[PDB]
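Derivation of every value follows stated rules applied to the coordinates shown; laboratory data play no part. Please note: Cβ atoms are built from the backbone with ideal geometry, for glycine as well, and neighbour counts cover all protein chains shown.
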Amino acid sequence: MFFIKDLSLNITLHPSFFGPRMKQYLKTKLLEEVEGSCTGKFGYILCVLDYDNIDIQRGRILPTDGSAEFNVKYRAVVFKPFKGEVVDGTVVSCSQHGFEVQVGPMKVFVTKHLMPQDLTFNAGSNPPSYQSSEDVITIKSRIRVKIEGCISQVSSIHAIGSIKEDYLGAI
Amino acid sequence: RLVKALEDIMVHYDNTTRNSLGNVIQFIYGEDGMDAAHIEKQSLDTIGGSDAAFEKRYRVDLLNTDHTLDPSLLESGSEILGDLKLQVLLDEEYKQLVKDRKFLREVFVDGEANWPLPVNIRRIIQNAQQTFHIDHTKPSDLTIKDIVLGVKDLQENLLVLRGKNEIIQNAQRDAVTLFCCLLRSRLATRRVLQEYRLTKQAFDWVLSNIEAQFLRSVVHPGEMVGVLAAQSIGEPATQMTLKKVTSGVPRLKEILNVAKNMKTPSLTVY
Amino acid sequence: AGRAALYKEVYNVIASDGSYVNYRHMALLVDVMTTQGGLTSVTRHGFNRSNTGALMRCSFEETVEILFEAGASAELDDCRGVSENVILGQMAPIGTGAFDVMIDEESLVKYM
Amino acid sequence: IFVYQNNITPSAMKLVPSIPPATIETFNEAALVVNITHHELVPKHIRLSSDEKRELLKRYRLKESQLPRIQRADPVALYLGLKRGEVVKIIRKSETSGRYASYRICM
Amino acid sequence: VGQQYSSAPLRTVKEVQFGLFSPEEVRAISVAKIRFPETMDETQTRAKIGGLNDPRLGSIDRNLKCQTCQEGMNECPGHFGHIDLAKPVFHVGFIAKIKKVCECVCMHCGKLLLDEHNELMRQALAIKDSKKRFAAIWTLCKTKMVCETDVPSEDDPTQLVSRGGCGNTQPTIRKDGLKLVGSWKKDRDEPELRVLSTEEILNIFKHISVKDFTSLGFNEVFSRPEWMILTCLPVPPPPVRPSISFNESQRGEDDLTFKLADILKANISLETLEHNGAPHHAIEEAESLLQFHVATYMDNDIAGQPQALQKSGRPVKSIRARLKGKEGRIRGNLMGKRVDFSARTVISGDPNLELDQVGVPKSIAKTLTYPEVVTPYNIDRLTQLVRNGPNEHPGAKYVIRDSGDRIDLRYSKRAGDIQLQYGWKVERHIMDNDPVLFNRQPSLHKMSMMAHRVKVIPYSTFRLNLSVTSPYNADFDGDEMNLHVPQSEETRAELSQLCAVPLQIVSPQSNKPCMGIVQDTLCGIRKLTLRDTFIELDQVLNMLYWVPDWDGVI
Amino acid sequence: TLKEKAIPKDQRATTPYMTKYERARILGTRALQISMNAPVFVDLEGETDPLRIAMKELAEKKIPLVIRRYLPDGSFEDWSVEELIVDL
Amino acid sequence: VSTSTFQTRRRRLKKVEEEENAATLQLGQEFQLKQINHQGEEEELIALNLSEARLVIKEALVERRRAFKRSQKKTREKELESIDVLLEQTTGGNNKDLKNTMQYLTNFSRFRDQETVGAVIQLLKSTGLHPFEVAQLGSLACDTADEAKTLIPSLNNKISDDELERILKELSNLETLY
Amino acid sequence: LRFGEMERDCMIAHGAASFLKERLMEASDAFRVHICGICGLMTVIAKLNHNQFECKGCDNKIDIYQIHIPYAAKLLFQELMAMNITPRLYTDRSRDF
RNA sequence: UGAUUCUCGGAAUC
Ligand SMILES: [Mg+2]
Ligand SMILES: [Zn+2]
Ligand SMILES: [Zn+2]
Ligand SMILES: [Zn+2]
């Protein structure tokens, strides 16, 4: 599931930082504008590998202010869920409408009606939970869900998944 | 109009004149690649004059008592008389100065020897003169090999186009051709030593400059030639305040329109 | 031999005035008119109908009419024309902008 | 090559381009009385091999269409008998530099 | 420029893709319907009815609102609206083509009238050139007026091959006003004339083959013949047809904002006849009306006279008129604009300024400014100019900090205070030696515009040096000249490095100098020359003191 | 395309000299940067004018810039202030 | 500002064919089997399975702490603490995601050795299987060829039940302990 | 004062690129509009506050550029659109050459 | 021509 996609970002550097340790401030800002990003087209940008060999190429000077623009080519580790994918994470919150599991940087939620019937919701519980014949799901409980659909937004991606198929539940 | 017609035209970094499509309009701006600003009406001495006066001026014969350089001119004068290996380069030169004379009488059938040309040589020497306080008395110290070899050597650096091949390097000879003639016309052995007594130093200097002055007189890639050429013609047109044909202003209008029924159709038959 | 006449003629119009223009200009024009094929005129009839961009031919005599059949023929403009960038408000590929300038971060450390 | 005296019937001429590869050209007598090429004003042109041409292009970084064109019916074009696509090299005198090398493709 | 930061990346335009609008896109784009023909008045109650201008579209009255797009006027380009016509109309300009196109295809089926099968045709189909293809195509098939169902192929003129079908004769067409009519010939005799309803034409164009589009100078993505006929009408937003409010209780609606009102009116009346007592052909007298107003709104200077004059006799500037050369957007507002940082007065000669200098009156030096960027190289010199106020000469009038905000030096209760911050900009007065561009229209030279060194001086004239006269081709018989002030460090550079007068001394138009010595100095230099002329000590000493570069050696 | 639009440092054809436009623009640009509070690579012998400093930086060829000379067809040549001869 | 990918697709106006996302091995056009490497060469998509990823990250996250000091002169619950530091030294710190990615990626990891994870890869990479499946098989503990061909429905016909079972066995084997 | 056509022409002859561009822009119109990275239009509904960008119809929110052009030009285009003609603004080349 | 000033037309200037 996780990926290592080849990306490239364009940064406009102000003449100010046209010093000797520029390559440095260039890189440094790349990392401030990438690691932690989130697109619907790349999902979660998590980390730039091979720091030492980032390519800056020659930047060209814009023409009204000194600012030079470099097309920084790099490579890094990303992860964007998919519909019909199967991953397992740890549940975090849980209410009368379901629990929300946390696969990585992301958060997948499961409807009270996307699980099995012989699994109810226990209100008078501490912490809040869902009981079964032999199973009991709450906070720390490790689940394994099937991501039904994804909805990208802002700088995060949410998705709803089910546990009504087979081999889906606790572990 | 003239302006909107040539807006986009400019000399590109290859030294070709093109527009916005990149259509070649002239392969070398002005059939020579020289920036208008660096040109003065010089005179091609090789053209004018009688066949007789020509010989007396450029002919050097090391195998003759009366047609050799007088040892009062060159240091190694006497010790040069008769030398056969020198009379080969000495003759090789002359055959050229004459191929020149014939060539110029084909480009300029008028005989008009005064034309615009980059690098003013007349001055470049004069300054060489009184810069080395050269006395018209004592003898030079240029070998004949010194002169003729260094001249043929100069023509090698007068680069207009740079190209690493035949097609291009062939154009080179072309765009330069005319200049060179003027160059050999003023740096022929007899002339260099008898007309303007140069020293070894004086010479090496005049050469160095011609070269440098030339490379400065090349057109700069970026020059918006179109607009320039445009204005340059449409301006001397507003200075027009006015053998019986169709004059000027109405005529110019006539021409640019490519009008079929011109007022004066005329036609001169020889 | 036509170009030869066209030029010769244009020259004789500037010369009958006793003035003087350096070949090159008369030549350039005599050429812009000639290259394309025959005698392309310098009017809304000739030159302003070539392959030059739309926005360019557009700034001279036909304006709207030209723009119209320019969207009808779904034309594409390079933005290579001078006029092009003047309308757009961008430095045009002319002298000062006939090239690009860049900070060679390499030599930018050998200088200190 | 065929030399008509006063004219060929329009019924006739519509039979020239019907036998490829080989090709044919029609010339008038009164149009060949004098050779135009010998005119003070006309510079000498020269055909180019599909080699010297494919070279010229590559040597100037040119696309076929950016090259100065010459009429297929051009007086001189017929004299040498050009063909849509062929390239001529025109060499003429020049008051700025001895000789100038200009090329003309054919439309 | 435009003010306010935007996280949008910025780029320069590199290509212009021209095309025609698809009636559907016109809706996609549109942010307002536009069903009412009035301006606003929610029944006199000033505002804007969700009818015309601002049914969501752009705004007026200095109010953020623009579909929360806020920003208020400045920053918010207009927001196109649309207006679903009742029936399809031509495009005043495309009419010539819509026509020529019909003469190229047949009705009923909608396909070419010359296939690869006809040879003279093939040849035209190799002419890669949208303009010359459609210009050869038309000349060929404008003549054949019968949709041939069978033609003699590349073989025997005895064997007939087939293709499409229905030879329905093709009527020749001619133009009349804003409508196309044609005659169909029947043999046996006499013609049969009828008007080609838009709805019909449009239809025949939709069917036209995708590869037919192409062969006939068009484009499947950007310009499909079927678009030269208007279904939906893009309604330009306020900034294109701004009003002009004379305070409050007054109108001022632009010219355009009226023909929309008219187009809108003559549309609603049409519909009210197609869903009511439809006297069938008393409608085309009100449909020919819509074809008119929507023809006018774009073009008003047609052949079939009717000028469509606004109530007053005033012609009504059509959109085309706004663009039309000279004084019009293209040639008038884009190829040439009015600029800021300029000045113009009267010129007078002065034999006391180096060639490249130019005298600027203190009046103007204190008016024109130059943005200098507070650097430690001048933080001092600058804080001085700032305190100096905008009244004494060597001073300044505006200080702008990083926080994109302008401090007005002649009012700000802190005018005398202010410490500067590296990176701040301080607009100062033009000072001695600020390269400027000087010129005298009509400009037909490189020379008519040269860079000079500013020399501030008393008295209200541009004091230029004599020798630099003939280049601008000016005299002092009451002549005026323009001066423009550079604005970016790299700009001045261009003036001073290429434009400067000392550079323009040798002119490329005649490969010879263009400035010399005239009048007095010329006349006097001849007298002073002569063998006859001699001068004695006491004076030959004052003359030596006048050549600024004299080595001090008598 | 291109690294394909980038002619090699060898095989370079253009003029070994700097065009007045380049020079004019390099000075301009550099000035604009020096003025922007950019770093100065020479000894400001007391200089305080940017377009002045640029003329100095350009006189010891200590200007870290590279001119990209585009050709009529897109492919280009790259030259540095350091290389280019500054005759003018 | 944003960030682009090495692949210039010519979007000519009609942007209307946005396929769906499903483990029908149909991932956004951005992750086709054949993508382009900066060098300009084609290269097979890069699929990381949990843990194998925890290593790629941890590896560069480390060799960064090194080059971050070259220019400074001029066991399960145990690695939870050891990696929380390698972050607060070579990360933005405000990248609350990567913090969560390393916990999740360090908890549900199925291996500890760069040797073990090496064999896993060597093994799974002789199937002819798509990198996404290949990934999934490494990060999800399967016992049956049914538990597999059901939690990774793109398999179904690509490999016999026994085969995938053999490989499923070999995994629970190399599967390092805790 | 006016910097009309003829004034332009001279600056073009001088080769003073930057300057010409400066008279036309900073010292006059100069404006900042937004475009759809897809249909070369100005639809773009940038709220420049909550960063929202959209452009329904083309339906975007991810591919959007910002450009600087003379307001008289923004106008030129808008007028052409109201005449039903599409002037596309593309920030990159695809026809090559 | 181009520009300016006048006051959508007229006037003026070189
Ligand atoms: Mg006067
Ligand atoms: Zn708005
Ligand atoms: Zn039919
Ligand atoms: Zn859009």
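At 222 nm, what value in deg cm²/dmol follows for chain A if DSSP H runs of at least 4 each add -39500 (n - 2.57) and the sum is divided by all its residues, to the nearest 500?
Using -39500 (n - 2.57) per qualifying helix, the result is -2000 deg cm²/dmol.
Using +1 on the beta carbon of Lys and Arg, -1 on that of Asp and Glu, and nothing else charged, what's the dipole of the protein assembly as shown about the Cα centre, debye to 20?
Dipole magnitude for the protein assembly as shown comes out near 2400 debye.
Taking loop as defined by DSSP and a crowding limit of 12 other beta carbons within 10 Å, which trypsin sites (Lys or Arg not before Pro) in the stretch E:327-429 fit?
Answer by residue number: E:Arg410, E:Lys413, E:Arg414.
In what order do F:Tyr17, C:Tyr20 fall by count of nearby beta-carbon atoms within 10 Å, going from fewest to most?
Fewest-to-most ranking of F:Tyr17, C:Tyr20: C:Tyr20, F:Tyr17.
Could you list the GluC sites (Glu not before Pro) in the stretch G:119-178 that lie in coil according to DSSP, counting only those with at most 15 other Cβ atoms within 10 Å of their Cβ?
G:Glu175
Of G:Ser82, G:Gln32, G:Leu45, which is farthest towards the positive pole of the stretch G:12-96's charge dipole, taken about the Cα centre with +1 and -1 on the beta-carbons of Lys, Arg and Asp, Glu respectively?
After comparing all options, I get G:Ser82.
Taking the Cα atoms of the stretch B:1-158, what is the range of coordinates along each of the three principal axes, in descending order and whole Å?
67, 36, 26
Summing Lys, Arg as +1 and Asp, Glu as -1, what charge do residues with Cβ under 10 Å from the Cβ of F:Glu83 carry, F:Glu83 excluded?
Counting the neighbours of F:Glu83, the net charge comes to +1.
Please give the net charge around H:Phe77, taking every other residue with its beta carbon less than 11 angstrom from that of H:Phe77, where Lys and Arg add +1 and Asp and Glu add -1.
+2
Taking the Cα centre of the protein assembly as shown as the origin and placing charges on Cβ (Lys, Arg +1; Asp, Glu -1), which of E:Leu355, C:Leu55, C:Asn85 is farthest toward the positive end of the dipole?
Of the options given, the answer is E:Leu355.
Please label the shape of chain C as rounded, prolate or oblate, based on the square roots a ≥ b ≥ c of the eigenvalues of the alpha-carbon gyration tensor (a/c under 1.5 means rounded; beyond that, a/b larger than b/c means prolate, else oblate).
Oblate.
Taking every pair of distinct Cα atoms and averaging 1/r, then inverting, what Kirkwood hydrodynamic radius in Å comes out for the protein assembly as shown?
The answer is 39.3 Å.
Using the Cα centre of chain F as the reference point, and only Cβ charges (+1 on K/R, -1 on D/E), how large is the resulting charge dipole? Debye, rounded to the nearest 20.
260
Beyond a 29 Å Cα-Cα separation, which of these cross-linked pairs lie in this structure: E:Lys99/E:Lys317; B:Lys253/E:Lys99; E:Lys48/E:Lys259?
B:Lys253/E:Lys99
Can you tell me the FRET efficiency between B:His136 and B:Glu92 if r is taken as the Cβ-Cβ distance and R0 is 35 Å, rounded to the nearest 0.05?
The value I calculate is 0.75.
Could you order the peptides E:170-177, E:533-540 from most to least packed, using the average number of other C-beta atoms within 10 Å per residue?
E:170-177, E:533-540
Within 10 Å of each Cβ in peptide G:10-17, how many partner chain Cβ atoms are there on average? Round it to a whole number, please.
Taking the mean over all residues of the peptide, I get 5.
Which net charge results for the neighbourhood of E:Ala278, defined as the other residues with beta-carbon distances under 14 angstrom from its beta-carbon, given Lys and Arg at +1 and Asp and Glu at -1?
-4
Pull up the cross-link candidates among the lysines for G:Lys15, meaning alpha carbon to alpha carbon under 24 Å and not fewer than 8 places away within one chain.
Excluding near neighbours in sequence, the set is A:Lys5, A:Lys41, A:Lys80, A:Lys83, E:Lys14, E:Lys206, E:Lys211, G:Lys34, H:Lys47, H:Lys56, H:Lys61.
Could you check the simple spin-label distance between E:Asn203 and G:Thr8, using points 7 Å along Cα→Cβ, in nm with one decimal?
The two pseudo-label positions are separated by 4.7 nm.
Quick check for you: which residues of the stretch E:300-344 have the amide N under 12 Å from the point 7 Å beyond the Cα of E:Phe258 toward its beta carbon?
E:308-318
Other chains near E:294-307: what is the mean number of their Cβ atoms within 10 Å of each residue's Cβ?
Whole-number average of other-chain Cβ neighbours for E:294-307 is 1.
Sticking with the crude label model, points 7 Å out along Cα→Cβ, report the distance from E:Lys128 to F:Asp43 in nm, one decimal please.
Between E:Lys128 and F:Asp43, the label points sit 6.3 nm apart.
Straight-line reach only, C-alpha to C-alpha below 16 angstrom: list the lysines that F:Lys56 could link to, leaving out same-chain residues fewer than 8 apart.
Straight-line reach from F:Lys56, under 16 Å: no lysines qualify.
Using the number of other C-beta atoms within 10 angstrom as an exposure proxy, rank D:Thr23, G:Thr106 with the fewest first.
Going from sparsest to densest Cβ surroundings: D:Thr23, G:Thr106.
For an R0 of 51 angstrom, estimate the FRET efficiency from the Cβ-Cβ distance between B:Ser43 and D:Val3 and round to the nearest 0.05.
0.55
What are the GluC sites (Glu not before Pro) within the stretch E:348-445 that DSSP puts in a loop, where the Cβ has at most 12 other Cβ atoms within 10 Å?
Hits after loop and neighbour filter: E:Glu392.
What average count of beta carbons from other chains do you get within 10 Å of the Cβ of residues in B:9-17?
6
How big is D, in µm² s⁻¹, for chain H by Stokes-Einstein at 10 °C and 1.306 mPa s if Rh is the Kirkwood radius over C-alpha pairs?
Stokes-Einstein gives a translational diffusion coefficient of 103 µm²/s.
Could you list, in their original order, any pairs among F:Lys5/G:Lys14; B:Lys263/D:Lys89; B:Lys200/D:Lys93; E:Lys128/E:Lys324; A:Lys73/F:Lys5 whose Cα atoms are separated by more than 26 Å?
Result: F:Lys5/G:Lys14; B:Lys263/D:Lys89; B:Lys200/D:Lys93; E:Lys128/E:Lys324 exceed 26 Å.
Quickly work out the E:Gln4-to-G:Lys78 label distance, labels modelled 7 Å from Cα along the C-beta direction, and quote it in nm with one decimal.
5.8
Is it possible to state the helix-based mean residue ellipticity at 222 nm for chain E, with each DSSP H run of 4+ residues giving -39500 (n - 2.57), the sum divided by total residues, to the nearest 500 deg cm²/dmol? What is it?
Helix-only estimate at 222 nm: -6000 deg cm²/dmol.
Report Rg (one decimal) and Dmax (nearest whole number) for the stretch G:1-47, counting Cα atoms only, units Å.
Both quantities, over Cα of the stretch G:1-47: 12.5, 33 Å.
Work out the FRET efficiency for E:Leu160 and D:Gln71 from their Cβ-Cβ distance, taking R0 = 45 Å, and round it to the nearest 0.05.
Here the calculated transfer efficiency is 0.70.
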